[PDB]
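For reference, the structure discussed in these notes is given below.
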Protein chains: 4
Amino acid sequence: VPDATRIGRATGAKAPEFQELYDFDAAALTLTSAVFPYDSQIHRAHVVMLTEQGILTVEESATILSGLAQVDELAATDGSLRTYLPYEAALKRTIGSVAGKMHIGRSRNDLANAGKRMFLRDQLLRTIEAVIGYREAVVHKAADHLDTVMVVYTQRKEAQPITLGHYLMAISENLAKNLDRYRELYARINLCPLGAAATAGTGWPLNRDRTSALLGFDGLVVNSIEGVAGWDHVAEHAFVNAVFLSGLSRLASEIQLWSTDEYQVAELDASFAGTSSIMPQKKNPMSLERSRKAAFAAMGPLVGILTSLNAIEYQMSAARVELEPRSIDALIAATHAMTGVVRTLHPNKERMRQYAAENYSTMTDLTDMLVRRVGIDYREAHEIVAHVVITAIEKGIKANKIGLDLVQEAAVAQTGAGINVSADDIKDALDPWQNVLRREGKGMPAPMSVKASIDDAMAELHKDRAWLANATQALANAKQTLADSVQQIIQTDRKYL
Amino acid sequence: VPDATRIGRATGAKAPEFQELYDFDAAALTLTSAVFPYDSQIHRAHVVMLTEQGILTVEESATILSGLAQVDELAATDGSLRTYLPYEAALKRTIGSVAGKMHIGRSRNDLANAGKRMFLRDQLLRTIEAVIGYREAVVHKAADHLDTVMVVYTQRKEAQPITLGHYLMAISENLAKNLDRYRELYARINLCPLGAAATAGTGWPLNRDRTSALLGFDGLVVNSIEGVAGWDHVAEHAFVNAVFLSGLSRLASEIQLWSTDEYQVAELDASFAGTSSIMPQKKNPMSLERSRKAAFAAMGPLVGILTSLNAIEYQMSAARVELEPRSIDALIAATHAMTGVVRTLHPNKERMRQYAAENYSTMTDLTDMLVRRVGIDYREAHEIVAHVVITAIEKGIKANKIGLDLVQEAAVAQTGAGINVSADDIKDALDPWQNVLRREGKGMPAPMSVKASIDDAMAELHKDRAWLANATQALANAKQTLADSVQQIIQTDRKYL
Amino acid sequence: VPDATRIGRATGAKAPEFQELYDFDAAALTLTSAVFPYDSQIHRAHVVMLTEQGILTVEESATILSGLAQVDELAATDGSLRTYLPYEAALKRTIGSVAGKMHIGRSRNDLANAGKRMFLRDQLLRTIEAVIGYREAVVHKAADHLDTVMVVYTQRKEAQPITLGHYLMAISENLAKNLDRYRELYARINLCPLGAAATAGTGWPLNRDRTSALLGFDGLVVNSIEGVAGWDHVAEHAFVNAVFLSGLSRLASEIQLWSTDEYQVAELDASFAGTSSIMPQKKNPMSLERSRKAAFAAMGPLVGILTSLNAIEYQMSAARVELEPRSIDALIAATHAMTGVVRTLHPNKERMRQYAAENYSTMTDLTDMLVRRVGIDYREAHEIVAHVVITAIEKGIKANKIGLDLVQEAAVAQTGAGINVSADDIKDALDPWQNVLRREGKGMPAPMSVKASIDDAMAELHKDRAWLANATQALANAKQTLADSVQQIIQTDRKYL
Amino acid sequence: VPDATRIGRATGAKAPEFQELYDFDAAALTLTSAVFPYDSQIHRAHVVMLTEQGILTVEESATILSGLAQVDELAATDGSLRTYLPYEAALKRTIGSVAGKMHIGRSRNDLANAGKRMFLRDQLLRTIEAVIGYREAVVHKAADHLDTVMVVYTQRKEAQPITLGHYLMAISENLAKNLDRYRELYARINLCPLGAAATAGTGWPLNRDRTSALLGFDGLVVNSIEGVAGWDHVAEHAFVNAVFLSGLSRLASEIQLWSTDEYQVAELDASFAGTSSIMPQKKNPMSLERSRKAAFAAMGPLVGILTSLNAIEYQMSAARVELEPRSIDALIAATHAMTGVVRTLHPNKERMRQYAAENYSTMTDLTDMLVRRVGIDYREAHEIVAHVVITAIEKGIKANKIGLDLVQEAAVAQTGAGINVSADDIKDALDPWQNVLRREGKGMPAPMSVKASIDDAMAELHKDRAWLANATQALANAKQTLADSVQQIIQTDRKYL
Ligand SMILES: O=C(O)/C=C/C(=O)O
Ligand SMILES: O=C(O)/C=C/C(=O)O
Ligand SMILES: O=C(O)/C=C/C(=O)O
Ligand SMILES: O=C(O)/C=C/C(=O)O
Ligand SMILES: O=C(O)/C=C/C(=O)O
Ligand SMILES: O=C(O)/C=C/C(=O)O
Ligand SMILES: O=C(O)/C=C/C(=O)O
Ligand code: NA
Ligand code: NA
Ligand code: NA
Ligand code: NA
């Protein structure tokens, strides 16, 4: 059946990235189900390590490892088996009492912290991947809009002329720093707490480095209390999500204002807009508002997690609040949605230029010209130009129609004196494109300057992608090593022992 | 007059670090007054840079720079002069209209963002210094308590034997990672947005690198929109404060429980306790609870800042919530207080050992011994030992009095079968010190293992202090370079122009 | 299969209320699925009202109403039909184009706000019911513990003697005020926004009172903008949940400390405790910590909702954050759990009395006796008694062994003078039960005073239950009236038109 | 000296209400200094009550009461005397040891909770007064704009025609419910905890009702634990502030969008706008953004307070976070500012009408007319009118120029069939004023309907003011009774004893 929301001005299908905003809530796993497959990997890595340490024989190890595959399969459809003690009991019912030996030297506490880290680790790479895709859309969009003159706003008022490319490279710089935040967090998430057992380690001679390496961790959470009590990485994950999403909310809000009926300086692609069941004229920025909704919602986990940490001791505690799958899923959906919003955004170039030329954002350049040309101080020139604007608005004179006569009157009105500048001086100062070209320093909207930022961002994106590929490959390599090791044990036992 | 709170069991004076918790609220500056001296430095750096760029003559520069000193002096007692436009107007009244030229190419927006960064930069070094002092107290305390056997808790229940040194090194590892968070944040705070002007740069040929260098920044916030709209570093500063303080709350809570009348395993130094105006018996953990109060309060700025960022566009906005001096001051007071709390904490070594030996935290080692000795699986041994405990509690038998007869009865009761272990096996398994010695892996409480962590932490603290000294010296060097440059201009003009 | 967590000291089954804490997360509905059945009721009420208004004929109404039952049935298994436009389209495919007439004068905006209110209304009655059950457990528990002498704490230090009944009646008074908060909120939730349509009403002659009455609302959200933009009730619902749960967290924390191995003044019923997979001695307060977890998590929705309201205009907005089913479900589970925790809590009466008699909580009465008997001011008596305690602790003298000689020495040591009180005066002042009996004013722990509070609370609980029964019956009556009306239309059309 | 910010387009002085936003931060009292005068009242009320109870003689009472005046005077300039134990010690140094008797039966705990309640009580009446003034401005503004046709927005897109009066009465209804929230809170704040002493009452025969009555409380916090541990009213105060301010943020945001350069449908009074130090054209909505800033900041205390309550037991705790004066001061400043913003807002009536007539907000009425006139279902009419809009936008045809030919083409294009409506039918459906007049039900924008809401709101405002006058007079009466009683004691002792 058709998408019944695609009626009237909501033509065609929702963009896939837009549809993600509708699907993640019902599709989200519980934390228990999301972490369960990582627990299964931990069982295997732990058992392999115990085998290397001689705590388990190869025969016992093979029996357990084969059982783990069988219980994993049962648990694919039986959710009751996805927490540890039910899982262990099912393993015991499957292979016998040797099942219990897989917990030697181990706790639910270090198992759980490690499993959640593995989950968050994968979700952090998933997030970094999405943020990179978002930055790619932003920078690649900017590269096409070096000449798209438009006003920048401060305090929701037209400030000065820039370009759309200039604006998008602000977002790129924001995302560059959020990627740093996420990679910095990744180094703290990707630490293995296994071997802490309950909170104090164990007398069993575990090799904590081997379990860590088998599970793709880059290091250990060393202190055993820190290994089970430590939760700051969960709080930090929630925070970076929240602050990253606050910037995504701000872009969404920016574009929503751009695409108001009143601004009309940009239009959402049809595939990122919805309509109204009652008002046929609506082209609703539903992608933007649902993206903002996720940003706002991300405040929740951050506060809950920090509240729970403020409520306890420096202990393992079952009262700690988690970062849950549905929260991350919402971030990914919003990030994907805004990636497509940016990619497909349709700027109204003509109206953007009209506002820049007509609505007085060029008055700074008029002021700077008076200082540069006649040498008066900035504050006196400012007062003259403000009077130019006040008078211009009163007389209905758009900025690009301000001439020598109006400027001289304002100078005389505020100063008693004329001012020695030409009509050409004023014309060039009020030309919004010349406003852009004159702003040619580092980080300023002149095409040459924005292009330099794009080049730099393109080189940084290459490093972003390389960092992600390296982190991902390290995990894939370890997971394959673990699988090989499991198979070796099971098969050697079957054929030779 | 005497400290009227030092009555009854609140003997002697408050520790200075404890007193800090009482003073910071009334003493805290407003953000305006805290940032004002940095604005004054920015005026000088900006003016020097304009002079290098030939935008100001040396004569104009000298006149302004001399005026800045005069207005700074007026503003020391006249708070109305500490915001920019009143300050500029006072400068104009002091030296004449040339005062206005100091704003060429500049805005309140990039001035304010830069000034707040300079404030937060200094406050971040102040915070890093305090966190290092806190970690030093923790590690140096741990070094004296390698042999201080005591129980670790999970879920506020006695879990297993550790040592006080082992526990403190959990905190050290937490603080190591919070110092990473803060240094990572410092690299983002210490970026100069000057030259962004209103939000789009300027046509004036500023040298943004020179202003940045004169003000001790390590780099630029490049994009001019990012330079004025960017606020994530403020949110991040608030977050690291909050998460760092949540760990400080947890230690404070831990110690508060240790020092309850019922636990009695540690006692606060008198200089960190208060008493009651009514109940003469009270030795109140007032340092701890006021430290937790600050931790809880630090949630506030984090939420307000993120809320404000979620509420706007990617613009300069006057609606953004700030991180205020009093919030940082509270963190410093709480950190200093807990530094002294830890340094002077008096553990009850005898009672710590008593609990470890008597209240069943050794049962894991009993369980592990059954697995290691008779080869049963962990789950069956666990069930036997649980019955040992249940029976022991019922009969009023402390853990260190559990013997062969009680263990065999439990084995028979739960299994129908005895178990082939000796009274010596049980004795050694129940010896809490042997529990500690057996836990000799990485991050575990055995003195050799905790000592290894202390050695590592001591080497890391040397690097922490070196990083702080280098960051501080860089700022001091730049501030002196700026002062030299100002004096050169003023004096050259006075004597030679 | 057995509950694999019920091993060792976790004997028997989890209490049903305890199990609720494990089930609500996987069982929680999405908001869409939770609100859908209320949307179906709204369709019927709206259509009936349109029929009364002559906007629909009885024949059209019957056709639609019969279709609504058919689509409702499809939607029981097809989740795609639970949002409005897909539902309407399925209705159109089921009965023809007349399906579209059910939206005359209506929007998704007032439909959605009304449906969510109906959901929250039912969930608020569900919550009030649970809070009443919680208060009933607290008061009925208190009634059995008028004589259960124990210490009250301030700042986690023993303060003065009370009774367990006295403590529980603090919770009762807290819950009384939270029930007021919830009933006050109910009056704002139970207002009907239908008729606001998109945000400005409609030219169709709706009878907004009839739709409201058919749906059990007690009044209208009058202004049509307020009807769709209004969200404060959602924020308020989240807040009362959060503050109510913060008090539940505090009781859970209180009991957790009571039931520490070190306090040992209360023990959780086995059916509300868990154990450890590794440490056989653990009787873990898992009901308490998971209850606190829900309290902490409830901060999340409150902050997200308020953030979203701070981010928008006074408009209908799709960016607003919702209060979701799983959040309320968590509150109900925690409230039920703590209801059973309180009901089945096992106080250690002997140890409670021991602490009261031995650990110096009686020193206030000693101080008051010196003031009352010899007329010295409170501050000088306080200083004497503090010295009594200091000396007593040093000499290992429990409070109930403090005698005339020790009190006189302290008086002489601090004053140079003895004090004219008898050994009987001191004995009676240090008798913890006499401490309780002397505290006989309003709200104080004397059995006569606590009994008076219980009587009052029992009368208030009768009114709580009456208020809930009346609110519930009003909704049941309206729902039956609506069902009758639907059937009348369908059947009259089938048989007579 | 002149207000140096009143330059260029920032003409005249800041409105006084606008200036409040600049002054409250530096002017805010600490909580200690704000509560101190209430503590002094409590000392007097407590001492008077002790005198009535015969615990103090009239002679002792007079001596203390006279001393309280002397220490109060010292404390006006010596901030160290504003906490209890220093104050008591200064009283002792002033009148002798009898000073200590004023604490008989009392604690810092019930003193502090009571003093903070008295502070919050007065601040709640101050807040209710400001909210009433805000509602008065809103309703009185609405009364002048029954005919000010303009579009209402949903999702920041033009939705349907309303009037400015209609919009303002949404705010009135919001404020009516926030006033209910505040008055409901007032009944819980205005409860006296005195007599709880430390947390368990006292053996002294206090008359808790007399102290409560002398201090203007309407009832007791009965249970003595609740009297000192109870804090929910602080959380609730913070919440109502936050949710009330979120609605104020939304109006501020709404007006900010109205007053963008692009909407230009309203203009702030000059006295509520600022300008830029660099951009002479700026008329900045600084009142609005600083008002939103306060709304966002109010999230902070709410989260800190709730966090602290989630962190402790149901005890008196010094870790609880307070609601501080500066937070309330910010709310009052923002409320006053927005009161003046609303009062002096200048709507652009001509442009408001232009948008309503031209930008397609009338399309719903076109759709409803097709349903009403030719009997097609709403969904098919909707699809036709959407095509009308799509075509109209493509051809540059403003809504008020849509005619029969365009509607028939759309009908044929989407249906293959024309539609039997007249040019007059279409004209009347597209007349934005007729859109308003047709929306004549309860809460809809027709002048008759908005006038009815204004009449109701005016009657409700009379009751709001009466409730405030009654609450205020009750406190003034009690304060005068207390002063009379103090004077009677002091003077009777001086002249007759
Ligand atoms: O387009 C949507 O996602 C939802 C719209 C609505 O329910 O109003
Ligand atoms: O779907 C609706 O009924 C309305 C949507 C809107 O407000 O645009
Ligand atoms: O010792 C203090 O800081 C405060 C105590 C109190 O006011 O209760
Ligand atoms: O200072 C008091 O009155 C009480 C303090 C306490 O609760 O310990
Ligand atoms: O289940 C465990 O492994 C441990 C639980 C605990 O810390 O008590
Ligand atoms: O500092 C500014 O940008 C403006 C402040 C104001 O007008 O309040
Ligand atoms: O005061 C300024 O420099 C700029 C203000 C603005 O962004 O409008
Ligand atoms: Na971490
Ligand atoms: Na940043
Ligand atoms: Na409401
Ligand atoms: Na309350």
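Residues in the structure tokens are named by chain (A, B, ... in the order shown) and by number from 1 within that chain; ligands are numbered from 1 in the order shown.
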Tell me, as a PyMOL selection string, which residues lie within 12 Å of residue 413 in chain A, counting only C-alpha atoms; anything in the same chain fewer than 3 positions away does not count.
-> chain A and resi 383-388+390-391+406-410+416-419
What would the file look like if the residues just selected were written as a PDB file, in the first residue's frame with N, CA and C atoms?
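Result file follows (part_0.pdb):
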ATOM      1  N   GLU A 383      27.691  55.809  14.111  1.00  0.00           N
ATOM      2  CA  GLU A 383      26.509  56.618  14.398  1.00  0.00           C
ATOM      3  C   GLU A 383      25.942  57.230  13.121  1.00  0.00           C
ATOM      4  N   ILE A 384      26.816  57.637  12.196  1.00  0.00           N
ATOM      5  CA  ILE A 384      26.358  58.180  10.918  1.00  0.00           C
ATOM      6  C   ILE A 384      25.595  57.120  10.137  1.00  0.00           C
ATOM      7  N   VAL A 385      26.172  55.918  10.027  1.00  0.00           N
ATOM      8  CA  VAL A 385      25.565  54.872   9.209  1.00  0.00           C
ATOM      9  C   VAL A 385      24.261  54.389   9.834  1.00  0.00           C
ATOM     10  N   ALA A 386      24.194  54.315  11.163  1.00  0.00           N
ATOM     11  CA  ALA A 386      22.919  53.988  11.794  1.00  0.00           C
ATOM     12  C   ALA A 386      21.833  54.967  11.363  1.00  0.00           C
ATOM     13  N   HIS A 387      22.166  56.258  11.319  1.00  0.00           N
ATOM     14  CA  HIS A 387      21.213  57.262  10.861  1.00  0.00           C
ATOM     15  C   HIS A 387      20.868  57.044   9.394  1.00  0.00           C
ATOM     16  N   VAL A 388      21.850  56.651   8.581  1.00  0.00           N
ATOM     17  CA  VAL A 388      21.560  56.283   7.198  1.00  0.00           C
ATOM     18  C   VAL A 388      20.474  55.211   7.157  1.00  0.00           C
ATOM     19  N   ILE A 390      18.286  54.250   9.619  1.00  0.00           N
ATOM     20  CA  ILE A 390      17.029  54.751  10.169  1.00  0.00           C
ATOM     21  C   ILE A 390      16.304  55.557   9.109  1.00  0.00           C
ATOM     22  N   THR A 391      17.025  56.478   8.476  1.00  0.00           N
ATOM     23  CA  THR A 391      16.416  57.286   7.433  1.00  0.00           C
ATOM     24  C   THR A 391      15.990  56.411   6.264  1.00  0.00           C
ATOM     25  N   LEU A 406      21.908  60.546   0.514  1.00  0.00           N
ATOM     26  CA  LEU A 406      21.396  60.053   1.787  1.00  0.00           C
ATOM     27  C   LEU A 406      22.504  59.970   2.831  1.00  0.00           C
ATOM     28  N   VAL A 407      23.709  59.568   2.422  1.00  0.00           N
ATOM     29  CA  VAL A 407      24.815  59.452   3.366  1.00  0.00           C
ATOM     30  C   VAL A 407      25.240  60.827   3.865  1.00  0.00           C
ATOM     31  N   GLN A 408      25.286  61.818   2.971  1.00  0.00           N
ATOM     32  CA  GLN A 408      25.678  63.164   3.380  1.00  0.00           C
ATOM     33  C   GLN A 408      24.656  63.768   4.337  1.00  0.00           C
ATOM     34  N   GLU A 409      23.361  63.570   4.069  1.00  0.00           N
ATOM     35  CA  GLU A 409      22.335  64.085   4.968  1.00  0.00           C
ATOM     36  C   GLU A 409      22.516  63.520   6.366  1.00  0.00           C
ATOM     37  N   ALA A 410      22.759  62.210   6.451  1.00  0.00           N
ATOM     38  CA  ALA A 410      22.944  61.573   7.744  1.00  0.00           C
ATOM     39  C   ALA A 410      24.182  62.113   8.434  1.00  0.00           C
ATOM     40  N   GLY A 416      26.737  67.711  11.895  1.00  0.00           N
ATOM     41  CA  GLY A 416      26.835  69.038  11.343  1.00  0.00           C
ATOM     42  C   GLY A 416      27.758  69.153  10.155  1.00  0.00           C
ATOM     43  N   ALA A 417      28.454  68.085   9.784  1.00  0.00           N
ATOM     44  CA  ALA A 417      29.454  68.158   8.733  1.00  0.00           C
ATOM     45  C   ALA A 417      29.217  67.068   7.702  1.00  0.00           C
ATOM     46  N   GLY A 418      29.508  67.402   6.451  1.00  0.00           N
ATOM     47  CA  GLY A 418      29.527  66.403   5.414  1.00  0.00           C
ATOM     48  C   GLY A 418      30.698  65.459   5.617  1.00  0.00           C
ATOM     49  N   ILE A 419      30.917  64.627   4.615  1.00  0.00           N
ATOM     50  CA  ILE A 419      31.973  63.629   4.704  1.00  0.00           C
ATOM     51  C   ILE A 419      32.481  63.397   3.296  1.00  0.00           C
TER      52      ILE A 419
END
Considering only C-alpha atoms and all ligand atoms, tabulate each residue of chain C that lies at most 10 Å from ligand 10 along with its nearest interatomic pair and the corresponding distance in Å to one decimal; arrange the rows by chain and ascending residue number and present them as a Markdown table.
| residue | atom | partner | partner_atom_place_in_ligand_line | distance |
| --- | --- | --- | --- | --- |
| C:185 | CA | ligand 10 | 1 (Na) | 7.9 |
| C:186 | CA | ligand 10 | 1 (Na) | 9.7 |
| C:187 | CA | ligand 10 | 1 (Na) | 9.0 |
| C:188 | CA | ligand 10 | 1 (Na) | 5.3 |
| C:189 | CA | ligand 10 | 1 (Na) | 6.8 |
| C:190 | CA | ligand 10 | 1 (Na) | 9.7 |
| C:191 | CA | ligand 10 | 1 (Na) | 8.9 |
| C:221 | CA | ligand 10 | 1 (Na) | 8.9 |
| C:226 | CA | ligand 10 | 1 (Na) | 9.0 |
| C:227 | CA | ligand 10 | 1 (Na) | 9.8 |
| C:230 | CA | ligand 10 | 1 (Na) | 6.5 |
| C:231 | CA | ligand 10 | 1 (Na) | 6.2 |
| C:232 | CA | ligand 10 | 1 (Na) | 4.3 |
| C:233 | CA | ligand 10 | 1 (Na) | 3.9 |
| C:234 | CA | ligand 10 | 1 (Na) | 7.5 |
| C:235 | CA | ligand 10 | 1 (Na) | 8.4 |
| C:236 | CA | ligand 10 | 1 (Na) | 7.5 |
| C:237 | CA | ligand 10 | 1 (Na) | 9.5 |
List all protein, DNA and RNA residues that have any atom at most 7 Å from ligand 5, counting only C-alpha atoms and all ligand atoms, and write the list as a PDB file with N, CA and C atoms, in the first residue's frame.
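Writing the result to out.pdb gives the following:
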ATOM      1  N   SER A 107      32.910 -12.528  36.819  1.00  0.00           N
ATOM      2  CA  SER A 107      31.713 -12.035  37.470  1.00  0.00           C
ATOM      3  C   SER A 107      30.722 -11.597  36.405  1.00  0.00           C
ATOM      4  N   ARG A 108      29.465 -11.439  36.804  1.00  0.00           N
ATOM      5  CA  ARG A 108      28.570 -10.654  35.965  1.00  0.00           C
ATOM      6  C   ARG A 108      29.011  -9.195  35.882  1.00  0.00           C
ATOM      7  N   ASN A 109      29.768  -8.711  36.865  1.00  0.00           N
ATOM      8  CA  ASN A 109      30.096  -7.292  36.888  1.00  0.00           C
ATOM      9  C   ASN A 109      31.105  -6.944  35.804  1.00  0.00           C
ATOM     10  N   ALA A 198      34.505  -9.625  40.336  1.00  0.00           N
ATOM     11  CA  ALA A 198      33.457  -8.939  41.054  1.00  0.00           C
ATOM     12  C   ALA A 198      33.794  -7.473  41.237  1.00  0.00           C
ATOM     13  N   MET A 316      30.709  -0.904  42.013  1.00  0.00           N
ATOM     14  CA  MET A 316      29.693  -1.504  41.165  1.00  0.00           C
ATOM     15  C   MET A 316      28.344  -1.264  41.828  1.00  0.00           C
TER      16      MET A 316
ATOM     17  N   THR B 154      30.217  -3.959  46.755  1.00  0.00           N
ATOM     18  CA  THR B 154      29.385  -3.776  45.578  1.00  0.00           C
ATOM     19  C   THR B 154      27.937  -3.743  46.055  1.00  0.00           C
ATOM     20  N   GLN B 155      27.136  -2.855  45.472  1.00  0.00           N
ATOM     21  CA  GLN B 155      25.726  -2.722  45.865  1.00  0.00           C
ATOM     22  C   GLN B 155      25.594  -2.469  47.365  1.00  0.00           C
ATOM     23  N   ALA B 159      31.850  -7.289  49.609  1.00  0.00           N
ATOM     24  CA  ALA B 159      32.087  -8.129  48.439  1.00  0.00           C
ATOM     25  C   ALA B 159      33.300  -9.026  48.652  1.00  0.00           C
TER      26      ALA B 159
ATOM     27  N   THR C 275      21.239 -12.387  44.482  1.00  0.00           N
ATOM     28  CA  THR C 275      22.558 -12.736  44.973  1.00  0.00           C
ATOM     29  C   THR C 275      23.557 -12.507  43.847  1.00  0.00           C
ATOM     30  N   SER C 276      24.774 -12.998  44.059  1.00  0.00           N
ATOM     31  CA  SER C 276      25.881 -12.822  43.134  1.00  0.00           C
ATOM     32  C   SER C 276      26.202 -14.129  42.424  1.00  0.00           C
ATOM     33  N   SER C 277      26.593 -14.025  41.157  1.00  0.00           N
ATOM     34  CA  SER C 277      27.037 -15.206  40.432  1.00  0.00           C
ATOM     35  C   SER C 277      28.391 -15.716  40.909  1.00  0.00           C
ATOM     36  N   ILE C 278      29.131 -14.917  41.682  1.00  0.00           N
ATOM     37  CA  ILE C 278      30.483 -15.256  42.094  1.00  0.00           C
ATOM     38  C   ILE C 278      30.621 -15.315  43.610  1.00  0.00           C
ATOM     39  N   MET C 279      30.035 -14.350  44.327  1.00  0.00           N
ATOM     40  CA  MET C 279      30.198 -14.202  45.766  1.00  0.00           C
ATOM     41  C   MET C 279      29.032 -14.859  46.471  1.00  0.00           C
ATOM     42  N   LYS C 282      26.460 -12.990  49.103  1.00  0.00           N
ATOM     43  CA  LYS C 282      25.692 -11.785  48.813  1.00  0.00           C
ATOM     44  C   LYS C 282      24.190 -12.002  48.967  1.00  0.00           C
ATOM     45  N   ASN C 284      21.787  -9.310  47.877  1.00  0.00           N
ATOM     46  CA  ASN C 284      21.934  -8.002  47.249  1.00  0.00           C
ATOM     47  C   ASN C 284      20.610  -7.259  47.236  1.00  0.00           C
TER      48      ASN C 284
END
Identify, on the basis of only C-alpha atoms, every residue whose closest approach to range 8-14 of chain C does not exceed 8 Å; exclude the query and any residue fewer than 2 positions from it along the same chain; express the result as a VMD selection string.
-> (chain B and resid 382 to 383 386 to 387 390) or (chain C and resid 3 5 to 6 16 to 19 270 to 275 280 to 283)
Serialized selection, C-alpha atoms, as a short mmCIF file (atom, residue, chain, number, x, y, z; two decimals), in the first residue's frame:
data_model
loop_
_atom_site.label_atom_id
_atom_site.label_comp_id
_atom_site.auth_asym_id
_atom_site.auth_seq_id
_atom_site.Cartn_x
_atom_site.Cartn_y
_atom_site.Cartn_z
CA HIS B 382 28.93 -21.61 44.77
CA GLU B 383 25.74 -23.32 45.97
CA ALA B 386 26.12 -20.10 49.98
CA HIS B 387 24.73 -22.81 52.27
CA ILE B 390 23.33 -19.28 55.40
CA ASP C 3 14.50 -18.76 37.68
CA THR C 5 18.88 -16.11 39.45
CA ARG C 6 17.27 -17.81 42.48
CA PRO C 16 5.89 -10.46 41.74
CA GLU C 17 6.50 -6.77 42.47
CA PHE C 18 10.25 -7.41 42.23
CA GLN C 19 9.85 -9.25 38.91
CA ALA C 270 14.34 -12.89 50.47
CA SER C 271 11.76 -12.32 47.72
CA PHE C 272 13.11 -8.77 47.25
CA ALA C 273 16.83 -9.62 47.26
CA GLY C 274 19.14 -11.16 44.69
CA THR C 275 22.56 -12.74 44.97
CA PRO C 280 28.02 -16.75 47.56
CA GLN C 281 27.59 -14.55 50.64
CA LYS C 282 25.69 -11.79 48.81
CA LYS C 283 22.11 -10.90 49.70
#
Distance criterion (only C-alpha atoms): nearest to chain A out of B:400, B:492, B:212, B:172 =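 With only C-alpha atoms as the atom set, the closest residue is B:172.
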Selection: 8 Å around residue 208 in chain A, only C-alpha atoms, excl. self and same-chain fewer than 3 positions, as JSON, numbers by chain | {"A": [194, 195, 211, 212, 220], "B": [442]}
Pick from C:458, C:242, C:319, C:366, whichever lies nearest to residue 307 in chain D using only C-alpha atoms | C:242
Rounded to one decimal in Å, what is the spacing between CA of residue 86 in chain D and CA of residue 4 in chain B?
->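 Distance between the two atoms: 5.1 Å.
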Tell me which protein, DNA and RNA residues are within 8 Å of residue 324 in chain A, counting only C-alpha atoms, leaving out same-chain ones fewer than 2 positions away, and put them as a ChimeraX atom specification.
-> /A:30-31,322,326-328
Only C-alpha atoms, please: the residues just picked out, written as a PDB file, in the first residue's frame.
ATOM      1  CA  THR A  30      16.630  -3.396  24.497  1.00  0.00           C
ATOM      2  CA  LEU A  31      20.068  -2.979  26.009  1.00  0.00           C
ATOM      3  CA  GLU A 322      22.689   3.099  30.985  1.00  0.00           C
ATOM      4  CA  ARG A 326      17.192   3.537  21.181  1.00  0.00           C
ATOM      5  CA  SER A 327      19.016   6.718  22.177  1.00  0.00           C
ATOM      6  CA  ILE A 328      21.936   5.990  19.857  1.00  0.00           C
TER       7      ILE A 328
END
